[PDB]
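Contents: one structure, followed by commentary.
Virtual Cβ from ideal backbone geometry, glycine too; neighbours counted across all protein chains shown. All of this is worked out from the model, or read from it or from the source named; none is laboratory data.
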Amino acid sequence: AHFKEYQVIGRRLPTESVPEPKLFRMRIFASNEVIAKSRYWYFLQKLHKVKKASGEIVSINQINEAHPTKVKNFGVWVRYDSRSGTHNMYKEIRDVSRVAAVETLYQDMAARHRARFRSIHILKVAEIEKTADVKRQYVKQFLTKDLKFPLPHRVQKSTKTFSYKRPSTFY
Amino acid sequence: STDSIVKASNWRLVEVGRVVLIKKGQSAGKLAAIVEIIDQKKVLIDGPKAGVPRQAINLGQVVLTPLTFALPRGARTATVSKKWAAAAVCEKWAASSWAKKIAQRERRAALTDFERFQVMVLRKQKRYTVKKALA
Amino acid sequence: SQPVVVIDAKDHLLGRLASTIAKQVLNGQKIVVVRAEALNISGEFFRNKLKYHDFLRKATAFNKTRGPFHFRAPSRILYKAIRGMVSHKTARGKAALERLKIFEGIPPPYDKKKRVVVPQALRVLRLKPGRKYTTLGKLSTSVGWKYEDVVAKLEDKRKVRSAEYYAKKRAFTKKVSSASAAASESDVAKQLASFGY
Amino acid sequence: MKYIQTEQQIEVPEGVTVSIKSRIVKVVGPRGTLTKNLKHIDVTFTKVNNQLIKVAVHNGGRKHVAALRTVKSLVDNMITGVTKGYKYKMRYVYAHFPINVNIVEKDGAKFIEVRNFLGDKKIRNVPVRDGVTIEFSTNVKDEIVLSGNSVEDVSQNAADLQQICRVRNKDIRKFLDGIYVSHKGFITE
RNA sequence: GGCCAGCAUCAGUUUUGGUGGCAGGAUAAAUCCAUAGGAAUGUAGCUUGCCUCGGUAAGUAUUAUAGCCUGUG
RNA sequence: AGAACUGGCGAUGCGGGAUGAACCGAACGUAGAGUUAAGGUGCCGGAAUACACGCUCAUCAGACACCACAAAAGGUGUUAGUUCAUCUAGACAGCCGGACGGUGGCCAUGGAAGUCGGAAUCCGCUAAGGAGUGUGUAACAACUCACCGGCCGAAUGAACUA
RNA sequence: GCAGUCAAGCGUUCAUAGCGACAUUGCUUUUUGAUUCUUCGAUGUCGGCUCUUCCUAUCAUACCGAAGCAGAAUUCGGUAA
RNA sequence: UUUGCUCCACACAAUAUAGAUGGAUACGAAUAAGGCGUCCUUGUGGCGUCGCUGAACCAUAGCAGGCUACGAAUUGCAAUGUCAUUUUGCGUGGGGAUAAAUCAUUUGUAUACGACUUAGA
């Protein structure tokens, strides 16, 4: 999914008594500006007394990456509703941007725990700054010093349906 | 003890600075260098001279060439363009017959009709001058 | 494009060869399968033998000469798996199934004629290394095929005779590879390296 | 999960070579010639020393480490069966009927035969395998010895002698007889 | 003197390509250049067991005979 | 069996659900082209043996809601995760050494130092060893061992979730 | 009908070598109870004789396991029609 | 009474198209492993090269391709542009071969009838 990390500002409507309600900020992950606002008004509605017709979406802004050519050790916190009892989880992604880490968060979350996008709240996406605090083994086996590995069995892509010679798979 | 004959395979290992080749996509067929790995399936490539930008691509699109050149981990485009020209990769690549065959295969579909007919004339002379000499 | 396509079947998957044959023989390409006893099939041996002794049970229980005719040869198992994938009840299915012959081993109608290999159906390309395959000759002999020793002898008697043809061809080939590699330096070839060939 | 690499290594002693290609491992050592096929596990060997040899599997997915460690220990046992061998010493137990075990030179193998086992009159037949050297004990008159090179023969033959001496439909905790392996020593120690 | 076809210039409904001009955005973010700061999956120099010129090791040091990131322009 | 509201079927074909009165899409004059709906694209079968991340190998797998059935309970089979956690002052282990003397502390007595058994409990040596965890002689013996110590320099035990 | 899940207590102090309560949960169409869907311009109705094929939830035969199993007969189950 | 009948011939005419119009162009075997070449103390060898598509390899110059050693404009701006190939008849010339079975009749090793089974110049 081509996600786009959005930044939304929302406020209650100005009352004649107090014409300055506080601007609340969210930085969410959504596919476009419509479900951006509709996931904003579902998160803020769990926290403060405001519906969609009682407040105005002040500002939409895309958040492009601070460095989109750098491998980052993301530690994402998440909660998700299972088929019985909701749970807190903390995964580990090693992709290049916050936009492209949450996709493969959702993919393997729907793969290993069968939770769809309507059951998942992304809590906090933090780039871990060093190698000490990260404790997931599927990243501590990737960050190793001067890592080499081969791809042992490279199958061939095909274009025709009659190869005149026996295939070689050696790489 | 006498010497042991142990051999399995000589892989072309995906390592730092492995000169890899994009086989699918918009910028396919131009060289690139694996800067640093990301996961099992996607690496970070950066090839300055050939025209590709600095991307993070699957290993499905790429093809590992046997020739490797050195660089430190996480290298930027400037440092890899320095190491690229100082290691002379674009000249060392064309010496392989794989690049020779890929240029010949590029040329054959670039031939026009009269360049095909002159091939049809010239292919009536090589065997005509050779196949009488084997007796 | 050759009108009689000789599909070798050493280590092809059964269903994946059956589909790419039943689509090709429906359009007119006269396909002959050769060495259909070396066909492979997914899953282990003791799963597929059970899925065949779960098929031998099905027969018309008022007269057993009417229902499912369980052909047990490793040619005709692939033939059943192609008869399933074409509509053999119609007439287009009959005139398409007439365009297919299936042999075990290599009969000398097709001795010296070129074997081609289906790439999308190969075991070495379509299984994961570590899963269990099953040789179709290993299956049919367990389920009641009396013809392994005849085909094994008639096949390796062919292979030992074919190896000396290859030994003659490999001696003949380096005659041309010594004549032309000492004559490719000339201007007749340098006028062609500017044309790609 | 997927791994990247785990590795074991085989440590060869003095006198032995290992000539391996296409997953057929081999030992031509001070006593024997063990060829052992390994054609279904997708292992990779690579020589680092004349004294030890790397044997490493890549990613696999933890259904492969259980293969890599057993394929390490298989070649370890296959080497040490030629360097020092195996020697299983088995012993008769009998309550009343004295057991008679002997050999015979049949037209098949050297068929070791056991009779008088709890008074039975069917003379039992056990074949021997090829590398399994069978001998007796002439200090204690109740003891037999198997030895050889390959563990899947020299222990399988003791298994074949300890399988068929099975008490049928009587209490095993009251009628305790048969032949039993005691000392799994080595042929030079 | 008809009917039946071919091609061209049109008209309607389309369906499929290559290229250009303009705007918006963190007046895109990046890469690139300049400065400061820092750290290790530590780049040279320096104690350190022979080997092969620092190679063996792991300490020393934070840009040197590689480079990396953060903050700014 | 009986009501409430809407839609349907009766009166209604067509594309999909293998076929099905009610479901899904859609309602119909005859024709040509384009576009889709619901549904699908290995083959029968029109259409990607397309791309990408994962998980499963079932000796009765699994594959389109209605639907043509599936529970309560179990499996270190695998995969992800939560929370305590012994513990680099060498944890648990895996091989190996001790388990000592004060002291047979007292009753059952035909025979019981710890041990067919019972009311029951202080100290030395320390690196540590329980009037004591079982085998055992009618009884004394001799092992075991939580407790330390030699090696190991690697960590890991524990419950639970989906 | 009992095939499964928890099994007080008993079998000489001896919870699953076995049995037997409190009681929870889900099969089966082979009963009966239930509705009234299919023929009221009739599908011949019980029972036995005869004859073929099938199912497993095994009474016997085959092979095992575990049984306070000395043998022996029992008894407890497993694959198996 | 080679009127018959078949085998080779191209002689004519007619017939069915599951669909020929450059070429079905041959090692085998393993894929966590191979092919090909050089050399030797001919091996599970030391060495080199190669695959990463058969997009290859062969043939294709000439009335759908002729004389000898120029020839085909005016099939008029496209109108299959026929040449395929298993069959068969009729006629010509060139060789060859000289039978069986069924009914009827009989038999009982068979039998409802058909069928089986034998016997008859």
Filter region A:57-85 for residues that are part of a strand (DSSP E or B), under 28 Å from residue A:140 (Cα atoms) and among the polar types (S, T, N, Q) and give the result.
-> A:73
Among the residues of region A:1-24, the number that are free of Cβ contacts under 8 Å to residues at least 40 places away in the same chain and surrounded by 13 or more Cβ atoms within 10 Å (Cβ to Cβ) is 2
Just for region D:37-55: of the residues that are buried (at least 16 other Cβ atoms within 10 Å of the Cβ) and either among the small types (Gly, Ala, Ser) or more than 10 Å from chain B (Cβ to nearest Cβ) (or both), which one is farthest from the chain's Cα centre (by Cα)?
-> D:42
What number goes with the only condition from (1) free of Cβ contacts under 8 Å to residues at least 24 places away in the same chain; (2) at negative phi that residue D:23 does not pass?
-> (2)
Starting from residues that are buried (at least 18 other Cβ atoms within 10 Å of the Cβ) and more than 16 Å from RNA strand H (Cβ to nearest atom), keep the ones in region B:1-37 and report whichever is farthest from the other protein chains (Cβ to nearest Cβ).
-> B:33
So is residue D:86 more than 16 Å from RNA strand E (Cβ to nearest atom) and within 30 Å of residue D:12 (Cβ to Cβ) or not?
-> yes
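Got a number for residues in region D:138-189 being of a type in the set (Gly, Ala, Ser) and more than 20 Å from residue D:27 (Cβ to Cβ)? Spell out how you get there, then give the answer.
Filtering region D:138-189 for residues of a type in the set (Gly, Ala, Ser) gives D:147-148, D:150, D:155, D:158-159, D:178, D:182, D:185.
Right, trim to more than 20 Å from residue D:27 (Cβ to Cβ) and you get D:158-159, D:178, D:182, D:185.
Residues flagged as of a type in the set (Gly, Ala, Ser) and more than 20 Å from residue D:27 (Cβ to Cβ) within region D:138-189 amount to 5.
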Starting from region B:49-74, take each residue that is away from every other protein chain (no Cβ under 12 Å) and within 16 Å of RNA strand H (Cβ to nearest atom) and list its partners that are in a strand (DSSP E or B) and among the polar types (S, T, N, Q), counting only C-beta distances under 7 angstrom and pairs at least six apart or across chains.
-> none
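Can you find, within region D:129-173, the residue that is nearest to RNA strand F (Cβ to nearest atom) among those that are assigned to a helix (DSSP H, G or I) and touching a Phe, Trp or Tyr at 6+ places or on another chain (Cβ under 8 Å)? Even if it seems obvious, please write down each step before you answer.
To start, the set of residues in region D:129-173 that are assigned to a helix (DSSP H, G or I) comprises D:151-154, D:156-163.
Among the residues that remain, those that are also touching a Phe, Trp or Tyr at 6+ places or on another chain (Cβ under 8 Å) are: D:151, D:154, D:158, D:162.
Values: D:151: 20, D:154: 23, D:158: 22, D:162: 23 Å.
Among those that are assigned to a helix (DSSP H, G or I) and touching a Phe, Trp or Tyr at 6+ places or on another chain (Cβ under 8 Å), it is D:151.
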List pairs: first in region A:125-144 and facing another protein chain (nearest Cβ under 10 Å) and farther than 11 Å from residue A:73 by Cα, second of a type in the set (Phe, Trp, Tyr) and more than 14 Å from RNA strand E (Cβ to nearest atom), Cβ under 8 Å, 6+ apart or cross-chain?
-> A:141/D:3
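Name the one entry in D:70, D:33, D:80, D:6 that is under 30 Å from residue C:133 (Cβ atoms), more than 9 Å from chain B (Cβ to nearest Cβ) and under 21 Å from the mean Cα position of the chain (by Cα). Can you show your working first?
Working: D:33 fails: under 30 Å from residue C:133 (Cβ atoms); D:80 fails: under 30 Å from residue C:133 (Cβ atoms); D:6 fails: under 21 Å from the mean Cα position of the chain (by Cα).
Answer to the selection: D:70.
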Top-ranked residue of region B:79-97 - restricted to ones that are among the hydrophobic types (A, V, I, L, M, F, W, C) and touching a residue at least 12 places away in the same chain (Cβ under 8 Å), ranked as nearest to RNA strand E (Cβ to nearest atom) | B:80
Which one of the conditions (1) within 14 Å of chain B (Cβ to nearest Cβ); (2) near RNA strand E (Cβ under 9 Å from one of its atoms); (3) not small (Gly, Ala, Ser) does residue A:61 fail to meet, given that it meets all the rest?
-> (1)
Within region A:45-53, can one find any residue that is part of a helix (DSSP H, G or I), under 17 Å from the mean Cα position of the chain (by Cα) and not assigned by CATH to the domain that holds residue A:125?
-> no
